[PDB]
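A structural model of the following input is requested.
(chains A, B and C, ligands or ions: 3)
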Amino acid sequence: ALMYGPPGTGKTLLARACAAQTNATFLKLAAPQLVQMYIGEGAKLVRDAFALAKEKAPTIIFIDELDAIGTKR
Amino acid sequence: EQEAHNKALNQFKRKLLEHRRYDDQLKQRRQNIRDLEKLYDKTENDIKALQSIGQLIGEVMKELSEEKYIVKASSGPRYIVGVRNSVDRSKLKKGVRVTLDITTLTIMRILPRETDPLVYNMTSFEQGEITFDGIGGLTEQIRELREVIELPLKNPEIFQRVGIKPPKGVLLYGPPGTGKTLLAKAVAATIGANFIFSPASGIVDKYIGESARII
Amino acid sequence: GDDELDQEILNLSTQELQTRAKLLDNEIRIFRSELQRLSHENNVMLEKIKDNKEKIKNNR
Ligand SMILES: Nc1ncnc2c1ncn2[C@@H]1O[C@H](COP(=O)(O)OP(=O)(O)OP(=O)(O)O)[C@@H](O)[C@H]1O
Ligand SMILES: Nc1ncnc2c1ncn2[C@@H]1O[C@H](COP(=O)(O)OP(=O)(O)OP(=O)(O)O)[C@@H](O)[C@H]1O
Ligand SMILES: [Mg+2]
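Residues are numbered from 1 along each chain as shown, chains lettered A, B, ... in the order given. Ligands and ions are numbered 1, 2, ... in the order given. See below for the structure:
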């Protein structure tokens, strides 16, 4: 599910509040950190973020700021 | 009772039960040794692997002489190595993987080819299936798709009649959401042939040159 | 059990069942002997797994 709207609306804070409240596993991930110049193993950070998640399912991959791997181009 | 000699069969009934109870202890023990037998073999097999040593794989890069072979190792640097009389010259060709020892470096046996750990992950994708008509209204696009794809694959023999070059390769293009990957999965299932399903970026590695090797 | 009870006074004579018990003497001494024979063997086998498994534990 996408969340969007201007800066400061409360998005990040919701995400944290609900995932802890219901006890669904909250993975803390930030978008630029997947961009690494080890690419192939930095692309494998993406692969392993799903690998962890499939064992730790059900799980919520909250990616904070989606304009680095959510680029138009 | 019937008799005071039924006082003597009170004691004899017990003896009988004991005898029919020691037979089932005799079946107990014959089942207990054969349970321990496998536990000895499970560890005997581990001994035999342990007192052996590993092999290090090469492939025949070039024949040099009768007993001398040039290999290029899967770890890299080339060697000249020997052969036992456990392999034939008529049983070796190039690009055939060979064993070497890690203590004398001599070929004892022929080894099957290797194939990426990566490409085995692609054959384990097959989910996302849909029927043969699984794209509504784009059924016409299925017809175009099989003419390159399903028909010469099954029978090249009707295309000899036509006399043209062997059909190869197709591009799907269109804005996102039009089931380009869905059409990919659907022609994988229906044909039922070996199928991959390569990620664009699980065939890239940090090292520039391993990225070439995979494909 | 099935024999040497008040059912078999009716059917069969009582010196028959007197002598039955003394044949079960002869038969159960053989049965106890074979039970100890298969007992002694399992104690040796267990040790030969240990002798193997010690090696495996160093590697472990
Ligand atoms: N409905 C609300 N009730 C109380 N406090 C709120 C509410 N909405 C927002 N806030 C407050 O405003 C803060 C700013 O919003 P927040 O940083 O969570 O979201 P954001 O839009 O993802 O911003 P950014 O991407 O810049 O970090 C919250 O941390 C919280 O302190
Ligand atoms: N053309 C279609 N007809 C019917 N269902 C479709 C179609 N395209 C997509 N779907 C449905 O959407 C799901 C996911 O879409 P899919 O991942 O195939 O998207 P895509 O746009 O082809 O992918 P990509 O953006 O990577 O090219 C499918 O499993 C299927 O249920
Ligand atoms: Mg935020």
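
Now do the contacts for the residue in chain A that ligand 2 sits nearest to.
Going by C-beta to the nearest ligand atom, ligand 2 is nearest to residue A:70 of chain A, at 13.9 Å. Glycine gets a C-beta too; all of them are placed from N, C-alpha and C. Taking C-beta atoms under 8 Å, 6 or more residues apart in numbering or on different chains, we find residue A:70 in contact with residue A:31.

Which residue comes closest to residue C:8 once chain neighbours are left out?
Of all residues not flanking residue C:8 in the chain, residue C:17 sits nearest, at 6.2 Å (C-beta to C-beta, 6 or more residues apart in numbering or on different chains).

same deal with residue C:56?
Nearest one to residue C:56, counting by C-beta to C-beta, 6+ apart, is residue B:46 at 5.5 Å.

tell me, how many neighbours does residue 24 end up with?
Went with chain A since none was named. Residue A:24: 12 surrounding residues under other C-beta atoms under 10 Å in any protein chain shown.

Hmm, no, I was thinking of chain C.
Residue C:24 has 19 neighbours, counted by other C-beta under 10 Å.

how about it, what does it touch?
Contact partners of residue C:24, counting by C-beta under 8 Å, 6+ apart, are B:12, B:15, B:16, B:19.

Can you name the helix or strand that the closest residue to residue B:129 other than its chain neighbours falls in?
Of all residues not flanking residue B:129 in the chain, residue B:189 sits nearest, at 4.9 Å (C-beta to C-beta, 6+ apart). Using DSSP states H and E, residue B:189 sits in helix B:180-191.

Remind me what that helix packs against, helices and strands.
Helices and strands touching helix B:180-191, by 3 or more C-beta pairs under 8 Å, 6 or more residues apart in numbering or on different chains; DSSP states H and E, are helix B:139-148, helix B:150-154.

and residue 51, what helix or strand is that in?
You didn't say which chain, so I picked chain A. Assigned by DSSP H and E, residue A:51 belongs to helix A:43-55.

um, chain C though
Here residue C:51 is assigned to helix C:14-59, by DSSP H and E.

returning to that earlier point: the residue nearest to residue C:8: what's it in contact with?
B:9, B:12, C:3, C:4, C:8, C:9.

Turn these into CSV, including distance to residue B:155.
Supplementary listing: the contacts of residue C:17 in CSV, determined by distance: C-beta to C-beta, whole Å:
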residue, distance to residue B:155
B:9, 87
B:12, 85
C:3, 79
C:4, 83
C:8, 83
C:9, 89
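
Out of the residues you listed, list just those in strands.
Using DSSP state E, the subset of those located in strands is empty.

List the contacts of residue B:30.
Residue B:30 sits in contact with residue C:38, where contact means C-beta under 8 Å, 6+ apart.

roughly how far out does whichever strand or helix holds it sit from the chain middle?
Take DSSP H and E as the rule and residue B:30 turns out to sit in helix B:10-50. What separates the centre of helix B:10-50 from the centre of its chain is 39 Å, taken as C-alpha atoms, centre = their mean, to the nearest Å.

got the angle for it vs helix C:14-59?
Angular relation of helix B:10-50 and helix C:14-59 on a 0 to 180 degree scale: 20 degrees, by axes from the mean of the first three to the mean of the last three C-alpha atoms, to 10 degrees.

In the sheet, which strands lie alongside the helix or strand that helix B:10-50 is followed by, parallel or antiparallel?
Following helix B:10-50 in sequence order, the next helix or strand is strand B:55-63 (DSSP H and E). Here strand B:55-63 has these sheet partners by DSSP bridges: strand B:69-73 (antiparallel), strand B:97-101 (antiparallel).

Compile those strands into CSV and extend it with columns for mean neighbour count and distance to residue C:25.
CSV is the format used below for the strands paired with strand B:55-63 (neighbours: other C-beta atoms under 10 Å in any protein chain shown; distance: least, C-beta to C-beta, whole Å):
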stretch, mean neighbour count, distance to residue C:25
strand B:69-73, 19, 76
strand B:97-101, 18, 66
